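# Per-entry structural report
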Amino acid sequence: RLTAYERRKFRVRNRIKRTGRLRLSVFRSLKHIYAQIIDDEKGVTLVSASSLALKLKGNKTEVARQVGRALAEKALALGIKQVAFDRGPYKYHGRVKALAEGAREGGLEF
Amino acid sequence: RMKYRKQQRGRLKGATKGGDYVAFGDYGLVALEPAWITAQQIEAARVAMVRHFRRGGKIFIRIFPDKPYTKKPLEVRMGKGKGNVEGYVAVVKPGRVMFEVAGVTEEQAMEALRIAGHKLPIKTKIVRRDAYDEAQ
Amino acid sequence: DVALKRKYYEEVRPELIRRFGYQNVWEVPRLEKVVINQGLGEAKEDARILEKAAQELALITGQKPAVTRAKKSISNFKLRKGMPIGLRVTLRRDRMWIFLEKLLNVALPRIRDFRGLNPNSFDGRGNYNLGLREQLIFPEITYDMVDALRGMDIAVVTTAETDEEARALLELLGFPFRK
Amino acid sequence: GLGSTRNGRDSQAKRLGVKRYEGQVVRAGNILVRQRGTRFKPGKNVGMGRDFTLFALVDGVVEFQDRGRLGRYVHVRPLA
Amino acid sequence: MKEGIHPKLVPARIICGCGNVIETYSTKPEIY
Amino acid sequence: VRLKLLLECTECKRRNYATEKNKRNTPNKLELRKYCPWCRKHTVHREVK
RNA sequence: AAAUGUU
RNA sequence: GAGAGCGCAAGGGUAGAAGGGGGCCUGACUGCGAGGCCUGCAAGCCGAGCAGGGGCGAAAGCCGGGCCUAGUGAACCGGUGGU
RNA sequence: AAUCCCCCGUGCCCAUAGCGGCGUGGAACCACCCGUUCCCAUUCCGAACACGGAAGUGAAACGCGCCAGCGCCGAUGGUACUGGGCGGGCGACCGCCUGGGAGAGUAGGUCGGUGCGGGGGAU
RNA sequence: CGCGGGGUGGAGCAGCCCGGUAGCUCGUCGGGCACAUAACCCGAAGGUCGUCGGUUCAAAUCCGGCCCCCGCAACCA
């Protein structure tokens, strides 16, 4: 009935509880390094992101760093987003990281 | 008359209204008033319908006993643990069909469920088939 | 020998594609893993067989883990819900076509009765169990090396649909039938 | 038993109902549900004690809702 | 893949079988 | 209280205890752990009684 | 120290 | 559709898991407590948040004994360690 | 963008959203897929988790599309039960006046509804 | 219905204070001495501990049912 994507619905859920913080959800497919900043208590998307909207291509992995370096400036362009987090799909390693290290340039407090 | 592998061994009392409509044999004696009915009157009528018939007859019994008795045996001042169960009873509230018949449609068959409903302290009545409703 | 059997498969099956369809090649018949279960259950005594049997199958193929619990505590022998029982090994891609053609071609008539390996009625519906093997007849080793050989198992699995989608496959590969 | 009556053993009972029904402005610390097992999951601004007792966490109005398949939730919504 | 514990199988296919014509399996009894 | 014991652990530097329970049969090896006394250092106490 | 035997 | 399991009895509950397996460790701790449910008194029970000093985590965060309801008995009179 | 239409992430209604049967997709997106040094990991296995990436393919998985055999909700009309009043019975128990009013069954219902944000098509 | 004790070879009995390991006395069979018996002298066979399940590395031994044997009192049709 549920085919081993149970951890994603269990880990994310345990996060909703503390609704004093806003989330960024990433996707990590191949030409698809996406992220979204969701404000939780009103279900919208507060600001978008990019992997192929902003093109920034090549044949590499450092585009994962590039996307977080875009999210830093695009967060403080509205400036209010001081407090946020980051989940992901499954294991948190290389590809899913550089997004965190790119958001750590703008002072996103994680 | 086995009721084996019981759940609970002592029970309670009180019952007033009842249902369970007409059955579908050829003839069945139908009740009118409520009464407890033991496990021995049933056997008495089961013998007296059979040995009337023709050394052959068939009978469908539709009443079965569950509720146990108590007696507190002979000369006891009251106020202890109510025990010592014994042979034990059923319940028929106004109208459900007892003892439907083999279906040989004669007064040869219609007399036996007069002489069987002549023990069995309820007051009975005799019917036949034109009902034909629907259930599950 | 591995590429030598690779080209045997991949130059007999496109010759033998000519009985079904020709469309959707990546949707016909293919092989999968092989599980081998020792299944002794005789080490309800000391854990001496858990090391001694783990150096001949693990010297033919990959290492031999202790997938060995027993899940329950029936009668027979007070196993003590636990211990070890199973001695499973899994083979996937390379040791796969080491072990398959090594047991098939240049070793197998060291067994007696010589009726291939198949009494032609495996009667699977899904992925088609097989496996007729008593332990330590001809793997590579020297003539006793243990006491009390104990009988092994083999269970190939495929991606076939009817019975003949692996009957025809494993017969055009080899594997002599008929009782 | 043996051949008599061996009963007459019972225990004085706890209360464990619902104390703070719909409406009813409460302040931070009041107990909302005494229960024995989880029959009312917590919502926002409602904590869950050691033996499954819900209690208000900030001030406001107790508001019941449901979810259907998942289950009944309670939560206290801020005052103005 | 654990790289230390599994046994060594670098050249344990490339031989003829450590002597095949004494193993009695190649042309051995399987024919009709 | 047949096998359980009321043991009462003291320090590696000083005075009185911090009152706990022990089994005496399945462990036997004179336990030791780490705690905060009223001299504010988070030292390690020892089973002393 | 240490027994009995007509059927 | 959970009908299995969770140290011991029955009821409530639970796989968006309190259930089974490995990684590191003692928060089975100390000026301490707004506010309540229950109650003839005495008892029992839950508890957000500050300060000291610490474990696990990239961070968010969680921890002042155990999935929960039973394993306990006021004072007086005495014993051993510090102030 | 600021007029419509397919695809890709997230939420809420909460099985009239499901199971089972046959067709239909890759130009763009997506998943199988090719390899195995370091980045990593498998009580054994790159089967999962992770890394570097052309082809070949949409068969398996996934989305739109259809068909009610299985499930899932289900009227109107009645009756049981009863809050409040009065009656008849040796005993189990029944009747009428006035306000409420179920459960099972019957005709039937559907193979979902809906926001927020990105990439393309009609410019 | 009740009060307590017990189920060990053919019969009678130890082993159960506290988990490891089965023995004794009568008694059946076979060979001895003796004109044939009795008595006496050697040797062997005969079970798991009523019956079914739980707890531990291990139950005659600790726990739960099921069924038998020993003694005391009141009564049914």
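Residues numbered from 1 in each chain as written, not as in the entry; some residues may be left out. Chains lettered and ligands numbered in written order. Part of a larger assembly, values for the part shown. Heavy atoms only, no water. Residues with missing side-chain atoms left out of burial classes, pairs and counts.

Header annotation of the entry names cryo-EM as the structure determination method and lists the resolution as 3.60 Å.

Threshold: UniProt positions are given in the numbering used here, feature names are shortened, and annotations may be inferred rather than shown by experiment.
The PDB entry lists chain F under the name 50S ribosomal protein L33, with Thermus thermophilus as the source organism. Here the PDB entry's recorded title is "Ribosome Structure bound to ABC-F protein". UniProt lists a comment for chain F under the heading Subunit, and it reads "Part of the 50S ribosomal subunit." In its Sequence similarities section, the UniProt entry covering chain F states "Belongs to the bacterial ribosomal protein bL33 family."

### Quick look at the overall build of chain F
Selection rule: Numbered from the N terminus, helices here are DSSP runs of H or I no shorter than four residues, and strands are runs of E no shorter than two. Contacts are assigned to residue pairs that have any heavy atoms within 4.5 Å of one another.
When its secondary structure is counted, chain F shows 0 helices and 4 strands. Scanning chain F from its N terminus toward the C terminus, one meets helices and strands in the order β-β-β-β. Overall, the C-alpha framework of chain F stretches about 35 × 15 × 15 Å when taken along its three principal axes. In chain F, 29% of the contacts between residues at least 6 apart in sequence involve partners at least 24 apart.

### Focus: the nonpolar core
Residues and elements named next belong to chain B. For the record, the criterion: What we call a nonpolar core is a set of buried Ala, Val, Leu, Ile, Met, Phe, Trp, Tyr and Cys residues that are connected through their side-chain atoms within 4.5 Å. For the exposure calls, accessible area comes from a 1.4 Å probe over protein chains only, and a residue counts as buried if that area is under 20% of its type's maximum, exposed if over 50%, partly exposed in between.
Among the nonpolar cores identified, the biggest contains 20 residues, and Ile-37, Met-49, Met-98 and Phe-99 are the most heavily contacted of them. When contributions to this core are tallied by element, the ones reaching two or more residues are strand 1 (28-31), helix 1 (41-50), strand 4 (90-92), strand 5 (97-101) and helix 3 (112-115). Discounting residues that sit within four places of it in the chain, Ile-37 has contacts with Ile-42, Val-89, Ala-90, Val-91, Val-92, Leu-120 and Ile-122.

### Description of the protein's contact with RNA strand H
Put simply, the rule reads: A single heavy atom is enough: if one lies within 4 Å of a molecule or strand, its residue is considered near that molecule or strand. The definition of a polar contact used here is a pair of N or O atoms within 3.5 Å, where within protein one atom must be able to donate a hydrogen and the other to accept one, and adjacent residues in sequence count solely through side-chain atom pairs.
Inspection of the region around RNA strand H gives 39 residues, with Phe-10 and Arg-18 of chain A, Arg-15 and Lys-41 of chain D together with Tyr-35 of chain F positioned closest. The protein-proximal atoms of RNA strand H, defined as those within 4 Å of the protein, are 69% sugar or phosphate. One of the side-chain N or O atoms of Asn-30 of chain D is found 3.4 Å from a phosphate oxygen in RNA strand H. Those elements that place two or more of their residues in the surface near RNA strand H are helix 1 (7-11) of chain A together with strand 3 (32-35) of chain F. The element contributing the most residues to the surface near RNA strand H is helix 1 of chain A, with 3 residues.

### Things to note about the environment of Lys-72 of chain B
All names here are of chain B. Here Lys-72 shows up in the loop between strand 3 (59-60) and strand 4. Spatially, the C-alpha atom of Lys-72 lies 6.2 Å from that of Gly-83, the residues being 11 residues apart in sequence. The contacts of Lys-72, once residues within four sequence positions are left out, are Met-78, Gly-79, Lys-80, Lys-82 and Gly-83.

### Quick word on the protein's contact with RNA strand I
If you check the shell around RNA strand I, you find 43 residues, and the closest are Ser-29 and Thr-61 of chain A together with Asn-24, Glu-27 and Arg-92 of chain C. When the atoms of RNA strand I within 4 Å of the protein are grouped by moiety, sugar and phosphate amount to 71% of the total. Within the side chain of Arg-23 of chain A, an N or O atom sits 3.0 Å from a phosphate oxygen of RNA strand I. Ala-15 of chain B has a polar backbone atom sitting 2.5 Å from a phosphate oxygen of RNA strand I. Mapped by element, the contributors of at least two residues to the surface near RNA strand I are strand 1 (23-26) and strand 2 (35-38) of chain A.

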